[PDB]
Amino acid sequence: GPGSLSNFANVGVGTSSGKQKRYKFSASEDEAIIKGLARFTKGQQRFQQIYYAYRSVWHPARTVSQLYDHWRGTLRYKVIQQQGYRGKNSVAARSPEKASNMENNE
């Protein structure tokens with residue numbers, strides 16, 4: 001059966017050296033919104049209000065739009081645009097990107 005199981009070896013206590021004071025909640029943000037919307041929602045827009053209330057677990061700042069983004073993708077479950085996963089294991093590395101600004105050929 002599934003569970004912890006683990007081995008009979010000594011573990012003691014964990015210890016990491018490198019980055020500190022880093023949030024990167026394991027998607028705990030969505031959990032904060034659900035708890036906020038399930039506890040308080042007295043307003044024409046509990047989503048934006050709740051976001052500003054729990055603002056601290058992710059990033060203390062205006063981002064109601066982003067809220068609707070995670071709230072829109074969470075409320076639903078029908079999307080096949082994003083695929084592949086290799087940015088969450090142990091090491092965090094950056095990567096380049098693309099951006100169209102000036103592309104002339106004539």
# chains A, B, ... in the order shown; residues from 1 in each chain; ligands from 1

$ select_by_dssp --residues "region 34-66 of chain A" --states "alpha helix (DSSP H)" --output "list in words"
residues 34, 35, 36, 37, 38, 39, 46, 47, 48, 49, 50, 51, 52, 53, 54, 64, 65 and 66 of chain A

$ residues_around --residues "residue 51 (chain A)" --least-positions-apart "4" --cutoff "9 Å" --atoms "only C-alpha atoms" --output "PDB file with N, CA, C and O atoms, in the first residue's frame"
ATOM      1  N   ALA A  32      -4.530  29.441  -0.022  1.00  0.00           N
ATOM      2  CA  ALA A  32      -4.843  30.638   0.743  1.00  0.00           C
ATOM      3  C   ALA A  32      -6.100  31.314   0.212  1.00  0.00           C
ATOM      4  O   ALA A  32      -6.888  31.870   0.976  1.00  0.00           O
ATOM      5  N   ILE A  33      -6.286  31.263  -1.103  1.00  0.00           N
ATOM      6  CA  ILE A  33      -7.458  31.872  -1.723  1.00  0.00           C
ATOM      7  C   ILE A  33      -8.718  31.084  -1.392  1.00  0.00           C
ATOM      8  O   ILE A  33      -9.766  31.662  -1.108  1.00  0.00           O
ATOM      9  N   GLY A  36      -9.593  31.754   2.100  1.00  0.00           N
ATOM     10  CA  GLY A  36     -10.085  33.110   2.235  1.00  0.00           C
ATOM     11  C   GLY A  36     -11.486  33.270   1.679  1.00  0.00           C
ATOM     12  O   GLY A  36     -12.317  33.969   2.258  1.00  0.00           O
ATOM     13  N   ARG A  46     -15.011  39.270  -3.960  1.00  0.00           N
ATOM     14  CA  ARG A  46     -14.256  38.624  -2.893  1.00  0.00           C
ATOM     15  C   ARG A  46     -12.895  38.138  -3.386  1.00  0.00           C
ATOM     16  O   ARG A  46     -11.968  37.968  -2.596  1.00  0.00           O
ATOM     17  N   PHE A  47     -12.782  37.898  -4.690  1.00  0.00           N
ATOM     18  CA  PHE A  47     -11.533  37.416  -5.273  1.00  0.00           C
ATOM     19  C   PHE A  47     -10.407  38.437  -5.118  1.00  0.00           C
ATOM     20  O   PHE A  47      -9.314  38.105  -4.659  1.00  0.00           O
ATOM     21  N   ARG A  55      -2.462  38.571   0.998  1.00  0.00           N
ATOM     22  CA  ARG A  55      -1.234  39.032   0.354  1.00  0.00           C
ATOM     23  C   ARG A  55      -0.062  39.014   1.332  1.00  0.00           C
ATOM     24  O   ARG A  55       0.036  39.859   2.222  1.00  0.00           O
ATOM     25  N   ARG A  62      -0.442  44.577  -5.806  1.00  0.00           N
ATOM     26  CA  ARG A  62      -1.634  44.486  -6.644  1.00  0.00           C
ATOM     27  C   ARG A  62      -1.418  43.491  -7.779  1.00  0.00           C
ATOM     28  O   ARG A  62      -0.461  43.605  -8.545  1.00  0.00           O
ATOM     29  N   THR A  63      -2.312  42.512  -7.881  1.00  0.00           N
ATOM     30  CA  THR A  63      -2.218  41.495  -8.923  1.00  0.00           C
ATOM     31  C   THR A  63      -3.525  40.718  -9.044  1.00  0.00           C
ATOM     32  O   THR A  63      -3.518  39.501  -9.238  1.00  0.00           O
ATOM     33  N   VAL A  64      -4.646  41.423  -8.936  1.00  0.00           N
ATOM     34  CA  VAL A  64      -5.956  40.790  -9.040  1.00  0.00           C
ATOM     35  C   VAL A  64      -6.086  40.033 -10.358  1.00  0.00           C
ATOM     36  O   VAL A  64      -6.734  38.989 -10.424  1.00  0.00           O
ATOM     37  N   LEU A  67      -4.589  36.786 -10.073  1.00  0.00           N
ATOM     38  CA  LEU A  67      -5.484  36.010  -9.225  1.00  0.00           C
ATOM     39  C   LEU A  67      -6.520  35.289 -10.071  1.00  0.00           C
ATOM     40  O   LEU A  67      -6.716  34.081  -9.937  1.00  0.00           O
TER      41      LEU A  67
END

$ atom_distance --atom1 "CA of residue 73 (chain A)" --atom2 "CA of residue 48 (chain A)"
16.0 Å
